[PDB]
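Virtual Cβ from ideal backbone geometry, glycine too; neighbours counted across all protein chains shown. Values in this text are rule-based calculations from the coordinates and carry no lab data.
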Amino acid sequence: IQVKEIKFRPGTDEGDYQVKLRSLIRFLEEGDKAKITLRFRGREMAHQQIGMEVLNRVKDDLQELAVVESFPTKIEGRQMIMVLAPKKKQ
Amino acid sequence: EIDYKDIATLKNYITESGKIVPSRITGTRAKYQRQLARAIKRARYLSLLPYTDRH
Amino acid sequence: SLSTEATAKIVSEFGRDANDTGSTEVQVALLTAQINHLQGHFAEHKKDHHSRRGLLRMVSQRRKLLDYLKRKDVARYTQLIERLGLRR
Amino acid sequence: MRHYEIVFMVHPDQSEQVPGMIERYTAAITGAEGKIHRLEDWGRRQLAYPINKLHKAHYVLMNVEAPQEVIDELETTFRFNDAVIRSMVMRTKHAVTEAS
Amino acid sequence: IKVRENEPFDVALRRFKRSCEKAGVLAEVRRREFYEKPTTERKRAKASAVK
RNA sequence: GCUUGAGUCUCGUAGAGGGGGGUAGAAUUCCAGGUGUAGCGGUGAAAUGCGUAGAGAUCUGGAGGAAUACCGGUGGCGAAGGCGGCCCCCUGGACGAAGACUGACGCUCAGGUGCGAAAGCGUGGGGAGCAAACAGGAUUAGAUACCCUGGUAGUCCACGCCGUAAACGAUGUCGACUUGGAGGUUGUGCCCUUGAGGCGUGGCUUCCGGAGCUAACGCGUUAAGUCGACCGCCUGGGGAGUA
């Protein structure tokens, strides 16, 4: 599987987030790995709760699209990068 | 001058490889040079001066 | 274009005087002869535009000359227009 | 009214036809009231590069001032014959004799 | 365009041929004709030294 | 009424002006045959990818269309688009030498006819290589980007439509004058080609540089100078050559 990726950010607006999701769809059903690059701008360090909820919503958007393997534990740098895997055909 | 049959004088103005010397090195008037090109290629058509020693 | 002997024939037969080539009469006659001959060449190939330019130029020259002659005198214009068989 | 210079090619082993060949051209052009000036034959000479096999073909020289139609049909005669090879003709520039 | 030299060099030392390449004429003739551009040899280097 | 403005004949000169018909060589592919077992491929980004019933290599013959190596150098031609193998036929302009000849017959042009590179569309024909769309691999934070391997329309021919470009010398045309220089090129003068020197007496073109203009850069006898005859065009940027 190749390595494909698009930028992320918790506070991203609506429409471009959905186009990004559809692009990730096309890539997954064309067999591409899931990588996340989310850049942290300034004082985003005081929104842990809403950030966690937004990340959970992002993953929930892939409820019937793929399968989750790993969940973040620790932080090295400004971001945590997780890998998602294609869903077994049913 | 304008003739083509006198291959003997025409020979010294061409290279052993079959190419033609430019008028810059020779130092001749341009109209003479074009008349010379006319004569040499007319000879080339009639199979007197080879295109090159390739064959 | 026009051969020398044809020019001599036309100037001798049609001109007013001997060596009278300056007259507009011979000008018009020679121009008409040349254009009538060139009708044959433009009867074919229908694309030689770079001489269509010259044909148009000489047609315009004939037009201007004939206009000037008609403006100056009537009798010579009538004689020309009847003898040569043009314009109509 | 219009000069022409003519030289053509001919097969080397076919040198036997050359006399009658040039005779029938000269008879045709004389019937065409042409004015000949000089004749010459350089003979067979090795050529620079082989063309359709063959080597050392035979040459010819003519000279004539004449109308156009006649050179047209003699060019056609050069055309359909297969015992003849490359034929070339120049235009006017008047007439010059000698020059072997 | 031709090389008929000896063993020792074997590497580069043809940068003189790079200078003699004249990238303008090759880049001009490889792609289409211009008829007004190879003039760059003159009339725009010496004649445009503006201060 | 008159020739200085304008036009004609005598001879000659240069030239890749156009149209139509043949011919030739070198080079790519495809075909046959002879000697014969893995290459072509950014390999400083890295390899896939395909060629493996006899090939890249080398010879001997055919098929096949396309474009014409050095000459070629703003050197030449044209109203601007533009023009390059060689042969033949029809044909257009320019210019020179001194001769005669008609006697203002001119200049400019709103609407109108003509021409107008390459992409496009319609009828067919043709297809060597080429390469928009697509096909596959590498490519990184990120490629539906170029890099590589293939690959249709279309570039070619014969008839028709299409009227636009940075169609720029970014300088509409036609006249009469005003300081200089080293060239390319074109035909005649009487000599003194006799060496390649003296008449430019002309035409078309290069490159520097005064007086004079120019906001400046710079233009600078082919003016952006001093004058004349006309035409076409301009009044802040977006909204816009849009509705």
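I need every pair where a residue in segment A:45-66 that is closer than 16 Å to A:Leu28 by Cα has its Cβ under 9 Å from the Cβ of a residue that is hydroxyl-bearing (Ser, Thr, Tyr), sequence separation at least 6 or different chains.
Short answer, once both residue conditions are applied: A:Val58/A:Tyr17; A:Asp61/A:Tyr17.
Looking only at segment D:41-52, filter to residues that are surrounded by 15 or more Cβ atoms within 10 Å (Cβ to Cβ) and within 11 Å of chain B (Cβ to nearest Cβ); which one of those is farthest from D:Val18 (Cα to Cα)?
Residue satisfying both the conditions and the ranking: D:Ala48.
I'm told D:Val89 meets every condition in (1) more than 30 Å from B:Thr52 (Cα to Cα); (2) among the β-branched types (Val, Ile, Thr); (3) surrounded by 13 or more Cβ atoms within 10 Å (Cβ to Cβ) except one. Can you identify the failing condition by its number?
(1)
Test D:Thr76 against the criterion of being out of contact with any helix residue (DSSP H, G or I) (no Cβ under 8 Å at 6 or more places or on another chain), farther than 20 Å from B:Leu48 by Cβ and more than 14 Å from every other protein chain (Cβ to nearest Cβ), and give yes or no. Give the derivation first.
Details: out of contact with any helix residue (DSSP H, G or I) (no Cβ under 8 Å at 6 or more places or on another chain): yes; farther than 20 Å from B:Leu48 by Cβ: yes; more than 14 Å from every other protein chain (Cβ to nearest Cβ): yes.
Considered against the rule, which asks whether it is out of contact with any helix residue (DSSP H, G or I) (no Cβ under 8 Å at 6 or more places or on another chain), farther than 20 Å from B:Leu48 by Cβ and more than 14 Å from every other protein chain (Cβ to nearest Cβ), D:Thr76 comes out as yes.
Taking the options A:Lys88, A:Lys20, A:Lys7, name whichever one is surrounded by 13 or more Cβ atoms within 10 Å (Cβ to Cβ) and either of a type outside the set (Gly, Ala, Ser) or within 16 Å of RNA strand F (Cβ to nearest atom) (or both). Break it down into steps so the answer makes sense when it comes.
Working: A:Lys88 fails: surrounded by 13 or more Cβ atoms within 10 Å (Cβ to Cβ); A:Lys7 fails: surrounded by 13 or more Cβ atoms within 10 Å (Cβ to Cβ).
Matching residue, one of A:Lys88, A:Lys20, A:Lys7: A:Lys20.
Answer yes or no: is there a residue in segment B:35-53 that is of a type in the set (D, E, K, R), out of contact with any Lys or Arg (no Cβ under 7 Å at 6 or more places or on another chain), within 8 Å of RNA strand F (Cβ to nearest atom) and more than 26 Å from D:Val10 (Cβ to Cβ).
Checked segment B:35-53: no residue is of a type in the set (D, E, K, R), out of contact with any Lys or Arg (no Cβ under 7 Å at 6 or more places or on another chain), within 8 Å of RNA strand F (Cβ to nearest atom) and more than 26 Å from D:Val10 (Cβ to Cβ).
For segment C:38-56, which positions are loosely packed, with under 10 Cβ neighbours inside 10 Å and within 12 Å of the chain's Cα centre (by Cα)?
Matches in segment C:38-56: none.
(1) free of Cβ contacts under 8 Å to residues at least 40 places away in the same chain; (2) not in a helix (DSSP H, G or I): which one isn't true of D:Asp72, the others all being true?
All conditions are met except number (2).
Show the residue pairs meeting these rules: Cβ distance below 9 Å; 6+ apart or different chains; first residue within segment B:2-30 and within 14 Å of chain D (Cβ to nearest Cβ); second residue away from RNA strand F (no atom under 15 Å from the Cβ).
Close Cβ pairs satisfying both conditions: B:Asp3/B:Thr9; B:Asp3/D:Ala99; B:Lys5/D:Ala99; B:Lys5/D:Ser100; B:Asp6/D:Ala99.
Condition test on D:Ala27, is it in a loop (DSSP other than H, G, I, E, B), free of Cβ contacts under 8 Å to residues at least 12 places away in the same chain, of a type in the set (A, V, I, L, M) and on the phi < 0 side of the Ramachandran plot?
Numbers: in a loop (DSSP other than H, G, I, E, B): no; free of Cβ contacts under 8 Å to residues at least 12 places away in the same chain: yes; of a type in the set (A, V, I, L, M): yes; on the phi < 0 side of the Ramachandran plot: yes.
Against the criterion (in a loop (DSSP other than H, G, I, E, B), free of Cβ contacts under 8 Å to residues at least 12 places away in the same chain, of a type in the set (A, V, I, L, M) and on the phi < 0 side of the Ramachandran plot), D:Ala27 does not qualify.
Considering only segment E:8-23, I want to know if a residue exists there that is more than 14 Å from chain B (Cβ to nearest Cβ), surrounded by 10 or more Cβ atoms within 10 Å (Cβ to Cβ), free of Cβ contacts under 8 Å to residues at least 40 places away in the same chain and within 12 Å of RNA strand F (Cβ to nearest atom).
Yes, segment E:8-23 contains at least one residue that is more than 14 Å from chain B (Cβ to nearest Cβ), surrounded by 10 or more Cβ atoms within 10 Å (Cβ to Cβ), free of Cβ contacts under 8 Å to residues at least 40 places away in the same chain and within 12 Å of RNA strand F (Cβ to nearest atom).
On the given criteria, is D:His55 within 13 Å of chain B (Cβ to nearest Cβ), in contact with a strand residue (DSSP E or B) (Cβ under 8 Å, 6 or more places away or on another chain) and either in a loop (DSSP other than H, G, I, E, B) or over 26 Å from B:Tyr51 (Cβ atoms) (or both)?
Judged against the criteria, D:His55 is not a match.
Residues that are among the hydrophobic types (A, V, I, L, M, F, W, C), farther than 30 Å from D:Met1 by Cα and within 8 Å of RNA strand F (Cβ to nearest atom): find the helices (runs of 4 or more DSSP H) completely inside chain C holding 1 or more of those.
Where helices (runs of 4 or more DSSP H) fall fully within chain C and carry at least 1 residues being among the hydrophobic types (A, V, I, L, M, F, W, C), farther than 30 Å from D:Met1 by Cα and within 8 Å of RNA strand F (Cβ to nearest atom), they are C:49-72.
Identify the single condition in (1) exposed (fewer than 10 other Cβ atoms within 10 Å of the Cβ); (2) within 12 Å of chain D (Cβ to nearest Cβ) that B:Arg42 does not satisfy, given that it satisfies every other one.
The one condition B:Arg42 does not meet is (1).
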